[PDB]
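Undergrad:
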Amino acid sequence: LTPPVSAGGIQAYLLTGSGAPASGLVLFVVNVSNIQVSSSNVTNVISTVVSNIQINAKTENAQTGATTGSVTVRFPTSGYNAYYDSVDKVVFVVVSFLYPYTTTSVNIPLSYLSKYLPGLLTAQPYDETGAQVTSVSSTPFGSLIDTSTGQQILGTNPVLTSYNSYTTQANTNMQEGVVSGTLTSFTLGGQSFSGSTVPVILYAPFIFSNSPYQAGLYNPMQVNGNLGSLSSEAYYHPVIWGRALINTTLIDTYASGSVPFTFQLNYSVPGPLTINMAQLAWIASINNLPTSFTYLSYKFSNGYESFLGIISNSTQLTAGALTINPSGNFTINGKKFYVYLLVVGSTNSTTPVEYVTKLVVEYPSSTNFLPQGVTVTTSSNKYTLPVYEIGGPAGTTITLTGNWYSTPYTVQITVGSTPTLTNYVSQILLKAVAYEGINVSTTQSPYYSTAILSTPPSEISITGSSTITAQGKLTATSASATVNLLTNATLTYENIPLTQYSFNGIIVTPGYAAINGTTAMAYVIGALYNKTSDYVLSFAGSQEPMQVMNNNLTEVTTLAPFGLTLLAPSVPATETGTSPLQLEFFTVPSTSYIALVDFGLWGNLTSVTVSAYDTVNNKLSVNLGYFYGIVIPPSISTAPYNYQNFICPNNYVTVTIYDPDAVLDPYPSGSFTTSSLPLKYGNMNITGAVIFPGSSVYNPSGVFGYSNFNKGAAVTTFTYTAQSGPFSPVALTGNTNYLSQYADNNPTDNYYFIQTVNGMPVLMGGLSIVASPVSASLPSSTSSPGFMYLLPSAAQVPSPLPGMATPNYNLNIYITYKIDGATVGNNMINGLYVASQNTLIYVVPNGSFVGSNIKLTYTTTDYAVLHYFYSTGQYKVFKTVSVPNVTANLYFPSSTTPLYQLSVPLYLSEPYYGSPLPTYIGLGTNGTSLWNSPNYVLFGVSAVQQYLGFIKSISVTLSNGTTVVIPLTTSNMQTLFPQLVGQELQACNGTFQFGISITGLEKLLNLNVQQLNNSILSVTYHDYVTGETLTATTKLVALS
Ligand SMILES: *[C@@H]1O[C@H](CO)[C@@H](O[C@@H]2O[C@H](CO[C@H]3O[C@H](CO)[C@@H](O)[C@H](O)[C@@H]3O)[C@@H](O[C@H]3O[C@H](CO)[C@@H](O)[C@H](O)[C@@H]3O)[C@H](O[C@@H]3O[C@H](CS(=O)(=O)O)[C@@H](O[C@@H]4O[C@H](CO)[C@@H](O)[C@H](O)[C@H]4O)[C@H](O)[C@H]3O)[C@H]2NC(C)=O)[C@H](O)[C@H]1NC(C)=O
Ligand SMILES: *[C@@H]1O[C@H](CO)[C@@H](O[C@@H]2O[C@H](CO[C@H]3O[C@H](CO)[C@@H](O)[C@H](O)[C@@H]3O)[C@@H](O[C@H]3O[C@H](CO)[C@@H](O)[C@H](O)[C@@H]3O)[C@H](O[C@@H]3O[C@H](CS(=O)(=O)O)[C@@H](O)[C@H](O)[C@H]3O)[C@H]2NC(C)=O)[C@H](O)[C@H]1NC(C)=O
Ligand SMILES: *[C@@H]1O[C@H](CO)[C@@H](O[C@@H]2O[C@H](CO[C@H]3O[C@H](CO)[C@@H](O)[C@H](O)[C@@H]3O)[C@@H](O[C@H]3O[C@H](CO)[C@@H](O)[C@H](O)[C@@H]3O)[C@H](O[C@@H]3O[C@H](CS(=O)(=O)O)[C@@H](O)[C@H](O)[C@H]3O)[C@H]2NC(C)=O)[C@H](O)[C@H]1NC(C)=O
Ligand SMILES: *[C@@H]1O[C@H](CO)[C@@H](O[C@@H]2O[C@H](CO[C@H]3O[C@H](CO)[C@@H](O)[C@H](O)[C@@H]3O)[C@@H](O[C@H]3O[C@H](CO)[C@@H](O)[C@H](O)[C@@H]3O)[C@H](O[C@@H]3O[C@H](CS(=O)(=O)O)[C@@H](O)[C@H](O)[C@H]3O)[C@H]2NC(C)=O)[C@H](O)[C@H]1NC(C)=O
Ligand SMILES: *[C@@H]1O[C@H](CO)[C@@H](O[C@@H]2O[C@H](CO[C@H]3O[C@H](CO)[C@@H](O)[C@H](O)[C@@H]3O)[C@@H](O[C@H]3O[C@H](CO)[C@@H](O)[C@H](O)[C@@H]3O)[C@H](O[C@@H]3O[C@H](CS(=O)(=O)O)[C@@H](O)[C@H](O)[C@H]3O)[C@H]2NC(C)=O)[C@H](O)[C@H]1NC(C)=O
Ligand SMILES: *[C@@H]1O[C@H](CO)[C@@H](O[C@@H]2O[C@H](CO[C@H]3O[C@H](CO)[C@@H](O)[C@H](O)[C@@H]3O)[C@@H](O)[C@H](O[C@@H]3O[C@H](CS(=O)(=O)O)[C@@H](O)[C@H](O)[C@H]3O)[C@H]2NC(C)=O)[C@H](O)[C@H]1NC(C)=O
Ligand SMILES: *[C@@H]1O[C@H](CO)[C@@H](O[C@@H]2O[C@H](CO)[C@@H](O)[C@H](O[C@@H]3O[C@H](CS(=O)(=O)O)[C@@H](O)[C@H](O)[C@H]3O)[C@H]2NC(C)=O)[C@H](O)[C@H]1NC(C)=O
Ligand SMILES: *[C@@H]1O[C@H](CO)[C@@H](O[C@@H]2O[C@H](CO)[C@@H](O)[C@H](O[C@@H]3O[C@H](CS(=O)(=O)O)[C@@H](O)[C@H](O)[C@H]3O)[C@H]2NC(C)=O)[C@H](O)[C@H]1NC(C)=O
Ligand SMILES: *[C@@H]1O[C@H](CO)[C@@H](O[C@@H]2O[C@H](CO[C@H]3O[C@H](CO)[C@@H](O)[C@H](O)[C@@H]3O)[C@@H](O)[C@H](O)[C@H]2NC(C)=O)[C@H](O)[C@H]1NC(C)=O
Ligand SMILES: *[C@@H]1O[C@H](CO)[C@@H](O[C@@H]2O[C@H](CO)[C@@H](O)[C@H](O)[C@H]2NC(C)=O)[C@H](O)[C@H]1NC(C)=O
Ligand SMILES: *[C@@H]1O[C@H](CO)[C@@H](O[C@@H]2O[C@H](CO)[C@@H](O)[C@H](O)[C@H]2NC(C)=O)[C@H](O)[C@H]1NC(C)=O
Ligand SMILES: *[C@@H]1O[C@H](CO)[C@@H](O[C@@H]2O[C@H](CO)[C@@H](O)[C@H](O)[C@H]2NC(C)=O)[C@H](O)[C@H]1NC(C)=O
Ligand SMILES: *[C@@H]1O[C@H](CO)[C@@H](O[C@@H]2O[C@H](CO)[C@@H](O)[C@H](O)[C@H]2NC(C)=O)[C@H](O)[C@H]1NC(C)=O
Ligand SMILES: *[C@@H]1O[C@H](CO)[C@@H](O)[C@H](O)[C@H]1NC(C)=O
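Under mature numbering (1 follows the signal peptide of the UniProt record, and there is no 0), the residue at position 740 of the sequence shown is numbered 745, and the numbers go up by one with no gaps.
1) Check the Cβ-Cβ distances between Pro566 and every residue of chain B, and say whether any is below 8 Å.
2) Beta carbon of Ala1043, beta carbon of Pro850: below 8 Å?
3) Helix, strand or coil for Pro225, going by three-state DSSP, please let me know.
4) Which residue comes first and which comes last in the beta strand (DSSP E) that contains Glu65?
5) According to DSSP, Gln476 sits in a beta bridge with which residue or residues?
6) With burial defined as no fewer than 16 other Cβ atoms inside 10 Å of the residue's Cβ, what is the status of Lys685: buried or exposed?
7) Using the Cα positions of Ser547 and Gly568, report the straight-line distance between them to the nearest angstrom.
8) Closer than 7 Å: is that where the CB of residue 1048 sits relative to any heavy atom of ligand 8?
9) Suppose the cutoff is 7 Å on Cβ atoms and the five residues either side in sequence are ignored; what does the same chain contact list for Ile337 look like?
10) Measuring only the C-alpha atoms, how far is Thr741 from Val593?
11) Let me make sure I understand the geometry here. Which of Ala748, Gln284, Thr404 has the alpha-carbon closest to that of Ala525?
12) Assign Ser785 to one of two classes, buried (16 or more other C-beta atoms within 10 Å of its C-beta) or exposed (fewer than that).
13) Does the stretch 597 to 607 come into contact with the stretch 250 to 262, if we say contact requires no fewer than three beta-carbon pairs (one atom in each stretch) closer than 8 Å?
14) On the premise that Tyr300 lies in contact with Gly421, defined as a C-beta separation below 8 Å, what is that separation, rounded to the nearest angstrom?
15) Using the rule of at least 16 other Cβ atoms within 10 Å of the residue's Cβ for burial, across every protein chain shown, is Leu30 buried or exposed?
16) Cβ atoms of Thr53 and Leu193: under 8 Å apart, would you say?
17) Applying the criterion that 16 or more other CB atoms from any shown protein chain within 10 Å of the CB defines a buried residue, is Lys341 buried or exposed?
18) Identify which residue in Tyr863, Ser899, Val183, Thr523 has its Cα closest to the Cα of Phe883.
19) For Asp666, name the three-state secondary structure that DSSP assigns.
20) Give me the residue from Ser804, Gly195, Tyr440, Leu122 with the minimum Cα distance to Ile696.
21) Using the beta carbon as the reference atom, which residues fall closer than 7 Å to any heavy atom of ligand 3, ordered along the chain?
22) What number of angstroms, rounded off, separates the C-alpha of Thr495 from the C-alpha of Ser290?
23) For a test of the three-state rule: what should DSSP assign to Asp90, helix, strand or coil?
24) Between the stretch 46 to 65 and the stretch 74 to 93, do at least 3 Cβ pairs fall closer than 8 Å?
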């Protein structure tokens, strides 16, 4: 039993799982294991147990945590049912608290209850009065006695009132019901008993929890200290960046086991926004197009092309040798009209190019001056209508011929040299909405905890409200008029006679980089002038959004019409009027974050609202969650370093990158993937993003929230793996066609997550390395994303929530010469390499080592930062690590030395020569010096014999100014330094001791040993590492 029941302890468990007879049942167990019992004397012991039990009960406000009512009771002297098991050694009782069975006992199958007490399968439980019995049943709550009052509980009490009335009271008054128990300490048989149960929750409404996080959602990083000033407010004003997960907890007392939930997010901004739009098609009656104009069709990102629609009375349009047949046909009250759809381009194309799938035209009906409309169709009455391309070389002109009513007309098109891109710039009130799902499980009923995406990759709709307006002029037999919409789109009506219709209109699409042409919305206005009691001028028009796929432009949904009416009895008149207008665009999965960021809904001023839905038991939340958005640029830093950092194998230079927008999952080393499907939400089905924790990618089938739902074999499973080459780098593997759809905390691949269009990413983010002078860079053109494994550091013990990510990425760099020319089979050690996890090795040759360097560049991983900060270059940062020059010296221990001594010290000192012990320098031939160091190891590679310098000359000046330079023959080096080898004095110290033989020097000169030999000694060495020479001297003295 989890949690445990203690020695001599009481404990309680709320009954749950399939086969549990009723809601609001709690069991109590007393661990009577500590004493002897038999059927002969059991009635004593069970009676002894029950009399000491006390039970407490409350009603609470589920949001605020306030106690509303409290009651406290004990079992009656008789009429209870209470039971014993010899096998599991417990006394126990079950009590039924909510309606029904508040007052009457409900039977409990011995099968079900045995799940908790398996002894009930081993043998029958004992009853009161000591018999074996086949069944267990509740003691009802209304039977018990008020400890305050010494009477059976009355129907007037608010707690018993509430418990019987929970069904509506949970929602209507935010009421929650809670119970706990305690066994008043007592002695039996020289043993004793004591305890208090953990609280159990009977019921509560379905809500976002509001304690301690008063917004229901929280960012673990803001709560710990790692975000500056904003940490002060983590409990009531949560923030998060664009593509990541934010944490939350729900209470659900209905469900059991795992539960799919679905969420609805609504995004909003204070004040109106300036938006860019572009013209896809212009549609008109042949009277409204101008006598001549110059035009050439534009081509959108998807590959679709702009078109021109002409409506006419005639069965053809005619142009000499060229005949143009209509695309479709319609009628208004028996009068017949045809629609011709044209692309002005390259050549007179006989077969179709693209289509409109369905298209609504709208007119004021004579019957009412109230809007009506129809779908234009083919002659065979099918819906999709062909569009055709026509034209020629630049500067060519075509005349088309047609009729409007009984009057012929001609229009002259000049095929322009450059595409006719046209824009509208409007201010709109805009808002958006989106949907999402995940499958949450719990270790602790009734609390379900999870995370959800800041921006789900799925269809989003963006919607707004604006104005349309007309100015008009009336005459005895005709009207003239103009309209404005979308701030600076203008349409103009040719003067309409009494008893004639005419049309104008536009299809428009957003004007930005990636998404142009992919979604659009159509407005067509019919107009009418007629006379009743007054002259009547009237407008009626469709508003309908569309999307483009496979050269079809299609009605996604169709909205309610609008109308305007102007009237006067006066023959001369000027008039004015206005109406609201609606505007809806729908996005597509790969494009959704980019779209929100471009339109301006995502930024430091954005606020989000969130509501939730339980798929299985069908409930919506009685409250909402709230959070706000953020955009933050990166920064780079390093711990101060000196010459020590490059001496010895256990030293390095640390660089830290601060970039919070690269943390997508708050657990460092966490991974999730995502796909798009239909989701159940309330009484409807909508598309939305489904999150799936792990390293695998799915193309799932069916509808999320029903038995139709099934996810097949993984299409790919990404992994970081060890690989070939010296050291052993860890790097990413997986089919990169699916890399958008995968999320991680590694900046060297994260920039793909939802940021790929036409198979290519919009941002080249992440880390870049270049190194000098031995020419090397990472990554090579050949490299996968995720060429190195690189993770954010995790929060430590005094932090409230340990083990969660900090925005710091900590990266370690080694530069050395000592392992140059080491080998690993065929491999030769040269240049730059990745090692372990966050580690780089740069290896160079001996003379190239001083002044060598690495430059690191960091570019942001998130498209919001590229958008708001492009102006200033604040989205990229640099740092450089370089090896400084150091002082070196050669010295005798004293300026003077006696010819009494046989030998003297001569010390060479240079920091960069220092290593682990032992290490030694062997001399020989023409003054060569060879460095050796068998205890040097670095990631398994080990140092080879290095030639670091040479002794240049060995000289004496004699007592008269004559100078002798001793030639560096083998015999001369042999005699002068019989200890041919120098030794390091202390670990990683720069110092070695040589010993120069004065008793040698005497004989070596062939001089009169002491007689003439008041002399000065002078010696010189050259090192390749600094490029300096070192020189040293001593006076040789004898008794005078
Ligand atoms: C905020 O919400 C975050 C949601 O993203 C939570 O992150 C999840 O953290 C889990 C562990 O958290 C525990 O420890 C932290 C301290 O770091 C505590 O604060 C928490 O209270 C909690 O105690 C983590 O679970 C995994 O690691 C556990 C080790 O601690 C281990 O016992 C589990 O078995 C998990 O492996 C989640 O990490 C991912 O978990 C999923 C499985 S599941 O989602 O847990 O069911 C793994 O997917 C699986 O991968 C295996 C490969 O071996 C496949 O075989 C299998 O098909 C597939 O399901 C992921 O690999 C693993 O990374 C982590 N969730 C995610 C998606 O990252 C976070 O804890 C919340 N914060 C707080 C304060 O509660
Ligand atoms: C969205 O709001 C975020 C919260 O303020 C902003 O994040 C903060 O970014 C600051 C640097 O960018 C600032 O300067 C730009 C022009 O140079 C301009 O776009 C904005 O003015 C923008 O805020 C950075 O603040 C530093 O610079 C400020 C100059 O305006 C100065 O007021 C600050 O004292 C600071 O030097 C923030 O970095 C953090 O600064 C903390 C100081 S405090 O602001 O908490 O007092 C410090 O404790 C911490 O170590 C350091 O990281 C940075 N804030 C955060 C949360 O890290 C963000 O830029 C706004 N986004 C937009 C769209 O502008
Ligand atoms: C698509 O079909 C259209 C309909 O038949 C064609 O439109 C006609 O275009 C003529 C020009 O096309 C010629 O020159 C092109 C080079 O710029 C070449 O690519 C074509 O192969 C073709 O040879 C145009 O003729 C006008 O321009 C001529 C310049 O070369 C010149 O002859 C005159 O200046 C002339 O006005 C047609 O316009 C009409 O021409 C009538 C005389 S005739 O040329 O038919 O003999 C004239 O009476 C009338 O005023 C004028 O409007 C024009 N036809 C119409 C009425 O649309 C188009 O070429 C086809 N496109 C391709 C290349 O496939
Ligand atoms: C949320 O997570 C729940 C787990 O916590 C999921 O329940 C598990 O469902 C498993 C199959 O999942 C697949 O089919 C679902 C449609 O029914 C679909 O919703 C899922 O997305 C997914 O495509 C199921 O595993 C059984 O079937 C497997 C074949 O797919 C087979 O490999 C298994 O051996 C197993 O028979 C689990 O159901 C039950 O599992 C018992 C234990 S075990 O064998 O898994 O160890 C088994 O004894 C019993 O016969 C079987 O019915 C089930 N897991 C558990 C432990 O309950 C749930 O589907 C998820 N909900 C959604 C909507 O995604
Ligand atoms: C440390 O760096 C020093 C500076 O770069 C290197 O110094 C160079 O020394 C070369 C001789 O060293 C060779 O033999 C060693 C055996 O004792 C061996 O350990 C070395 O790996 C290396 O192979 C010297 O090269 C010349 O002398 C050779 C006679 O031994 C002869 O065979 C060569 O043909 C060559 O003339 C370099 O001196 C300069 O060399 C120039 C050409 S190049 O060798 O640099 O390509 C030449 O144009 C010029 O006239 C001559 O003075 C000398 N390099 C420089 C630029 O001073 C030292 O070897 C490195 N130590 C190690 C072990 O890495
Ligand atoms: C419709 O869709 C396409 C494809 O995304 C887009 O073309 C690309 O536009 C960018 C810049 O976009 C902005 O400026 C143009 C006007 O120049 C506006 O129309 C847009 O609304 C944007 O405000 C061009 O610069 C691209 O040319 C490429 O530039 C790259 C550098 S970049 O950082 O500037 O993008 C170079 O690396 C490429 O070599 C070069 O081709 C252009 N891309 C292509 C493939 O032509 C259109 O502008 C969009 N048109 C509409 C209606 O807005
Ligand atoms: C565009 O013109 C089309 C004709 O070119 C119109 O299509 C016709 O629509 C009628 C009424 O909806 C439909 O019944 C016709 O189908 C034919 O019906 C014939 C019998 S009858 O209707 O002539 O009495 C049958 O011979 C046979 O079932 C169909 O051929 C349909 N006509 C054709 C030729 O398909 C269409 O209505 C028009 N669009 C508008 C809105 O004006
Ligand atoms: C839109 O244009 C149509 C032309 O394709 C018009 O069609 C006309 O049909 C009417 C019957 O409704 C018929 O009287 C016409 O027949 C011709 O009459 C000519 C002279 S006139 O009467 O138009 O002045 C003669 O020249 C000729 O030999 C006849 O064939 C017919 N008009 C034509 C010229 O064919 C129609 O008026 C119009 N519809 C709408 C919606 O207003
Ligand atoms: C009363 O006290 C006993 C002393 O604390 C204690 O027994 C110890 O705990 C477990 C045995 O009980 C559990 O395990 C079984 C499943 O194997 C369940 O059926 C049961 O409900 C309990 O969860 C055992 O591991 C441990 O060795 C025992 N310790 C010793 C040495 O006595 C019981 O936990 C408690 N009595 C009962 C039966 O609940
Ligand atoms: C219930 O009855 C049993 C006897 O049936 C009691 O167990 C005996 O107790 C004595 C001392 O108390 C022990 O020395 C024996 O080992 C036990 N005998 C048997 C037969 O087990 C038990 O103590 C009684 N319990 C109570 C509380 O009265
Ligand atoms: C979030 O947006 C949704 C739009 O889906 C809104 O919910 C709608 O409410 C309107 C009336 O305000 C009703 O016509 C619909 O029944 C609701 N829509 C659907 C599809 O359920 C609502 O405006 C926003 N909700 C919140 C949390 O404010
Ligand atoms: C490295 O080792 C040398 C050993 O020669 C150290 O030199 C000695 O320094 C102390 C004081 O620090 C003097 O008392 C001695 O006289 C020096 N020895 C000789 C032979 O002169 C040197 O201090 C060490 N340096 C570092 C950086 O560890
Ligand atoms: C390290 O610094 C030393 C000292 O300034 C440099 O060597 C000196 O400068 C020139 C070389 O251009 C020589 O002629 C002198 O003899 C050197 N001076 C001394 C004190 O002997 C050296 O250039 C620097 N090393 C590197 C490679 O950066
Ligand atoms: C759009 O045109 C194409 C012809 O390529 C056809 O696939 C489709 O039936 C039309 N409309 C739709 C998507 O119904």
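Beta carbons are placed, not taken as given, at the ideal position from N, Cα and C, and that holds for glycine.
TA: Reading it off the structure:
1) The displayed structure is made up of one protein chain only, and chain B is not part of it.
2) no
3) helix
4) 58 to 66
5) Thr487, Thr581
6) buried
7) 9 Å
8) With the chain running from 6 to 1045 in the structure shown, residue 1048 is simply not present.
9) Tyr368, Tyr506
10) 21 Å
11) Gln284
12) exposed
13) no
14) 6 Å
15) buried
16) yes
17) exposed
18) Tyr863
19) helix
20) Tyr440
21) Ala324, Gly325, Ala326, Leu327, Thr352, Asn353, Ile395, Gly396, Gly397, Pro398, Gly400, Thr401, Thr402, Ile403, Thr404
22) 16 Å
23) strand
24) yes
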